[PDB]
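One structure is given below, encoded as structure tokens.
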Amino acid sequence: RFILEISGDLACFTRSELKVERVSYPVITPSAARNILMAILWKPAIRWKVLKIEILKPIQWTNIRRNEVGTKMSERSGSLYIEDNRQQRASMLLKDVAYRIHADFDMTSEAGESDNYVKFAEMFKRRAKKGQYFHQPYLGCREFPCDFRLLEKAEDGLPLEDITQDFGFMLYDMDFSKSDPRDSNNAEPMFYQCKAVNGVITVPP
RNA sequence: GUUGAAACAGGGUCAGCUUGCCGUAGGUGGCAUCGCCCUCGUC
């Protein structure tokens, strides 16, 4: 288990419902929490698994309308001209977040030869303490960086001390099981937070 | 290296135009510097 300690000035774990008008999930999504732990280290042998988020700064919001673009980019049309494809996505962002994601991982079917769980474990451990990553972890949106740390047990004060808000059914981790290589056909599994007692435990599927 | 990506607040718009702080009003009226005091005493 790794008690990595994602933190950042802003964060947007955009609720699936309020995607066009981004309203962040009140805490780190276990998908966004996990994909962060793939940004620091991943390989198609490691399969990350968030075991317990722990909120470390209170759920505080700042709305940010960004002139986002409306349409994907495409081989077909060789430019956007944003002023033609403009959209103004509001973003109820999570200001001053922090999350100590108690996450571990497993070995996939394609673990390869060097399937050593300890190898990837210490690889990620060195990456996180050193600060290395494949990708500066995205707090839900890459516009938001995860000023992370690989805590050992506990090195920050979690604010939802007494029993606190149950954020309801949050996106857990989009189901890339039916997908071929590179996540084509997925689905969304979702979870009762369970509550936020003081740091939400997640459910392994 | 399979997992939210890409994304503007843009582009720009004199707060201007202009309008007496004025007209006008005694500082007056009035009040003793007074009352008084050997330059002496003397060589």
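Naming works like this for the structure tokens: A, B, ... for the chains as they're shown, residue 1 at the start of each chain, ligands 1 onward in shown order.
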
Chain A near chain B within 7 Å: what's each residue's closest atom pair and its distance in Å to one decimal, counting only C-alpha atoms (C1' of nucleotides), ordered by chain then ascending residue number, as a tab-separated table?
residue	atom	partner	partner_atom	distance
A:35	CA	B:3	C1'	6.9
A:42	CA	B:1	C1'	6.2
A:43	CA	B:1	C1'	5.2
A:44	CA	B:1	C1'	6.9
A:67	CA	B:8	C1'	6.0
A:68	CA	B:7	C1'	3.8
A:69	CA	B:7	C1'	4.3
A:72	CA	B:6	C1'	7.0
A:141	CA	B:4	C1'	6.7
A:181	CA	B:2	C1'	5.7
A:182	CA	B:2	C1'	3.9
A:183	CA	B:2	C1'	5.4

Those in chain A with strand (DSSP E) from DSSP, as a PyMOL selection string: chain A and resi 3-4+7-11+46-52+60-63+92-98+102-107+138-139+141-145+150-151+169-171+190-192

Non-local contacts of residue A:177 (7 Å; only C-alpha atoms (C1' of nucleotides); under 2 positions in same chain excluded) as a list in words: residues 175, 179 and 186 of chain A

Would you save the residues of that selection, restricted to N, CA and C atoms, as an mmCIF file, in the first residue's frame?
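Written output follows (result38.cif):
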data_model
loop_
_atom_site.group_PDB
_atom_site.id
_atom_site.type_symbol
_atom_site.label_atom_id
_atom_site.label_comp_id
_atom_site.auth_asym_id
_atom_site.auth_seq_id
_atom_site.Cartn_x
_atom_site.Cartn_y
_atom_site.Cartn_z
ATOM 1 N N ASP A 175 -14.670 1.674 -16.415
ATOM 2 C CA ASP A 175 -14.414 0.244 -16.566
ATOM 3 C C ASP A 175 -13.810 -0.021 -17.934
ATOM 4 N N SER A 179 -12.637 -2.963 -23.148
ATOM 5 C CA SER A 179 -11.776 -2.265 -24.081
ATOM 6 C C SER A 179 -10.672 -3.169 -24.610
ATOM 7 N N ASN A 186 -15.536 1.451 -22.971
ATOM 8 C CA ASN A 186 -15.511 1.379 -21.525
ATOM 9 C C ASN A 186 -16.921 1.466 -20.956
#

Non-local contacts of residue A:105 (7 Å; only C-alpha atoms (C1' of nucleotides); under 2 positions in same chain excluded) as an NGL selection string: :A and (46-49 or 103)

Members of stretch 77-148 of chain A assigned alpha helix (DSSP H) by DSSP, as a PyMOL selection string: chain A and resi 117-130

Could you please take those selected residues and save N, CA, C and O atoms as a PDB file, in the first residue's frame?
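Result went into part10.pdb, see below:
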ATOM      1  N   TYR A 117       6.014  -7.806  -8.248  1.00  0.00           N
ATOM      2  CA  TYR A 117       5.244  -6.742  -7.618  1.00  0.00           C
ATOM      3  C   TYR A 117       6.158  -5.803  -6.855  1.00  0.00           C
ATOM      4  O   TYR A 117       5.923  -4.594  -6.813  1.00  0.00           O
ATOM      5  N   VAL A 118       7.203  -6.347  -6.233  1.00  0.00           N
ATOM      6  CA  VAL A 118       8.143  -5.508  -5.502  1.00  0.00           C
ATOM      7  C   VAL A 118       8.881  -4.585  -6.459  1.00  0.00           C
ATOM      8  O   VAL A 118       9.198  -3.444  -6.113  1.00  0.00           O
ATOM      9  N   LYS A 119       9.163  -5.057  -7.675  1.00  0.00           N
ATOM     10  CA  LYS A 119       9.873  -4.212  -8.630  1.00  0.00           C
ATOM     11  C   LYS A 119       9.081  -2.952  -8.933  1.00  0.00           C
ATOM     12  O   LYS A 119       9.586  -1.840  -8.770  1.00  0.00           O
ATOM     13  N   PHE A 120       7.821  -3.106  -9.341  1.00  0.00           N
ATOM     14  CA  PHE A 120       6.999  -1.936  -9.622  1.00  0.00           C
ATOM     15  C   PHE A 120       6.690  -1.156  -8.358  1.00  0.00           C
ATOM     16  O   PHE A 120       6.572   0.069  -8.407  1.00  0.00           O
ATOM     17  N   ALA A 121       6.562  -1.837  -7.222  1.00  0.00           N
ATOM     18  CA  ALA A 121       6.285  -1.139  -5.975  1.00  0.00           C
ATOM     19  C   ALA A 121       7.420  -0.194  -5.621  1.00  0.00           C
ATOM     20  O   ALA A 121       7.197   0.992  -5.367  1.00  0.00           O
ATOM     21  N   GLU A 122       8.652  -0.699  -5.619  1.00  0.00           N
ATOM     22  CA  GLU A 122       9.797   0.145  -5.309  1.00  0.00           C
ATOM     23  C   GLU A 122      10.051   1.148  -6.419  1.00  0.00           C
ATOM     24  O   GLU A 122      10.547   2.248  -6.164  1.00  0.00           O
ATOM     25  N   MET A 123       9.718   0.791  -7.660  1.00  0.00           N
ATOM     26  CA  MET A 123       9.827   1.735  -8.761  1.00  0.00           C
ATOM     27  C   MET A 123       8.943   2.944  -8.508  1.00  0.00           C
ATOM     28  O   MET A 123       9.400   4.088  -8.567  1.00  0.00           O
ATOM     29  N   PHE A 124       7.676   2.701  -8.175  1.00  0.00           N
ATOM     30  CA  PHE A 124       6.766   3.794  -7.862  1.00  0.00           C
ATOM     31  C   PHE A 124       7.187   4.513  -6.593  1.00  0.00           C
ATOM     32  O   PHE A 124       7.008   5.726  -6.472  1.00  0.00           O
ATOM     33  N   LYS A 125       7.725   3.776  -5.625  1.00  0.00           N
ATOM     34  CA  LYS A 125       8.144   4.381  -4.368  1.00  0.00           C
ATOM     35  C   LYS A 125       9.279   5.371  -4.587  1.00  0.00           C
ATOM     36  O   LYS A 125       9.239   6.504  -4.088  1.00  0.00           O
ATOM     37  N   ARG A 126      10.300   4.955  -5.339  1.00  0.00           N
ATOM     38  CA  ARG A 126      11.374   5.852  -5.736  1.00  0.00           C
ATOM     39  C   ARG A 126      10.852   6.997  -6.580  1.00  0.00           C
ATOM     40  O   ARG A 126      11.288   8.137  -6.409  1.00  0.00           O
ATOM     41  N   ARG A 127       9.923   6.717  -7.493  1.00  0.00           N
ATOM     42  CA  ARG A 127       9.378   7.773  -8.329  1.00  0.00           C
ATOM     43  C   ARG A 127       8.696   8.833  -7.483  1.00  0.00           C
ATOM     44  O   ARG A 127       8.879  10.033  -7.702  1.00  0.00           O
ATOM     45  N   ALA A 128       7.916   8.405  -6.499  1.00  0.00           N
ATOM     46  CA  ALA A 128       7.113   9.349  -5.740  1.00  0.00           C
ATOM     47  C   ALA A 128       7.959  10.123  -4.737  1.00  0.00           C
ATOM     48  O   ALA A 128       7.832  11.347  -4.629  1.00  0.00           O
ATOM     49  N   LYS A 129       8.831   9.440  -3.988  1.00  0.00           N
ATOM     50  CA  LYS A 129       9.702  10.178  -3.075  1.00  0.00           C
ATOM     51  C   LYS A 129      10.649  11.089  -3.838  1.00  0.00           C
ATOM     52  O   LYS A 129      10.785  12.272  -3.511  1.00  0.00           O
ATOM     53  N   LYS A 130      11.317  10.553  -4.860  1.00  0.00           N
ATOM     54  CA  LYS A 130      12.160  11.388  -5.701  1.00  0.00           C
ATOM     55  C   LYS A 130      11.347  12.481  -6.375  1.00  0.00           C
ATOM     56  O   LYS A 130      11.856  13.578  -6.613  1.00  0.00           O
TER      57      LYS A 130
END

Counting only C-alpha atoms, the option among A:61, A:134, A:2, A:192 closest to residue A:165: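 The shortest atom-to-atom distance to residue A:165 comes from A:192.
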
Gap from atom CA of residue A:114 to atom CA of residue A:41 - Å, one decimal: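 According to the coordinates, atom CA of residue A:114 and atom CA of residue A:41 are separated by 15.5 Å.
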
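Reported to one decimal place, the separation of atom CA of residue A:5 from atom CA of residue A:148 is 5.3 Å.
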